[PDB]
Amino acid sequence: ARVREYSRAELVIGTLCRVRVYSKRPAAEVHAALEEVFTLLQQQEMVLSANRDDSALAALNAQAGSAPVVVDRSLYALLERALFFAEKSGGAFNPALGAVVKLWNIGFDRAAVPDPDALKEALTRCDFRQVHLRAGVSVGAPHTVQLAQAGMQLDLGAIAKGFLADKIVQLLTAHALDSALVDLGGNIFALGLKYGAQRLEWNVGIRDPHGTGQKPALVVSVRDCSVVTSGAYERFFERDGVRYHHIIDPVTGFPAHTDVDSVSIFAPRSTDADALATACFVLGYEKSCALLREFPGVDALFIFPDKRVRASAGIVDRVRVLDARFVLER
């Protein structure tokens, strides 16, 4: 029985999604698993997307200020985890920021900054504490979500890829697979060990924040771990010499002014790594270190504008610098 390596990639959830698997199972079993991975990603785009009119999320947003809406258990659990990270991060990560994001968004398409007052009004509609999750305790009791504040809008952009990466890992595992690299628009989950039959940790790349993306600046060897990076240059537009990126500081309503160029979070669950990466980017380095003390099972790697790199204890020894312009502090 021989080891074989498979990959498959498709444009879905608005980005390139790729899954690579090593397996000794019959090829047909791997093919079935990958078929289901990409079916899932198609189905979940229609549940979670904040920028399609026809998604379950859009439907829920349409009911802001009205009666509770029934949701499936999966979406409920994701919202629960998002609100947990909102609270722990003091709202640096905020899953109800749609009123503001949507105002900037159109800025992106047609390169214009929002309007002062319009922006201030939108900020009044982003209180994630007004998202009420209820689930009864009896058999088959429904799960519901109520957006209490009129005009408030969920946007799960900062946690949905993490959630989907976790869902994919669970799916692979259900198909008796135990070696894969899941890559959803750069949101990585390294499942198990790869093959060289020599077994090796996955070598996960981290990009130069100002690079053309082609080559990684650094690589970190990991097993059974998500690696998710948030950065100031993954998405932005420029107007009159100022750059405006996609990660909003909920206090200002503007793209976060922060002291790091990127933050990469290493965690057993990609949902958690994704939420934390965004929170940390917003909070900046010192406040991130403080927040991260709450989550002992997580590691983090910060790339600074001066190309210094700092990594926490659990991963620093597994980091290798590939672009010598960067320096790993020890």
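Each residue number is its position in the shown sequence, starting from 1.
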Task: Between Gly196 and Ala197 - deposited residues without coordinates, as a size class - done: 4 to 9
TODO: For the higher mean C-alpha B factor in the entry, choose 137-145 or 92-100.
DONE: 137-145
Open item on the list: Tell me which stretch has the larger mean Cα B-factor in this entry, 56-64 or 301-309.
Closed with: 56-64
- [ ] Among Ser270, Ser49, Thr39, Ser288, single out the one with the highest C-alpha B factor in the record, please.
- [x] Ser49
- [ ] Name the residue from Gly157, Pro255, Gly185, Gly213 with the greatest C-alpha temperature factor listed in the entry.
- [x] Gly213
Task: Chain thirds of CA B-factor: placement of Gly205 - done: middle
Open item on the list: Among the modelled residues of this chain, does the Cα B factor of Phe189 put it in the lowest, middle or highest third?
Closed with: lowest
- [ ] Among all modelled residues of this chain, ranked by Cα B factor, put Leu292 in the bottom, middle or top third, i.e. lowest, middle or highest.
- [x] middle
TODO: Please place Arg243 in the lowest, middle or highest third of its chain by C-alpha B factor as given in the entry.
DONE: highest
Task: Chain thirds of CA B-factor: placement of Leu123 - done: highest
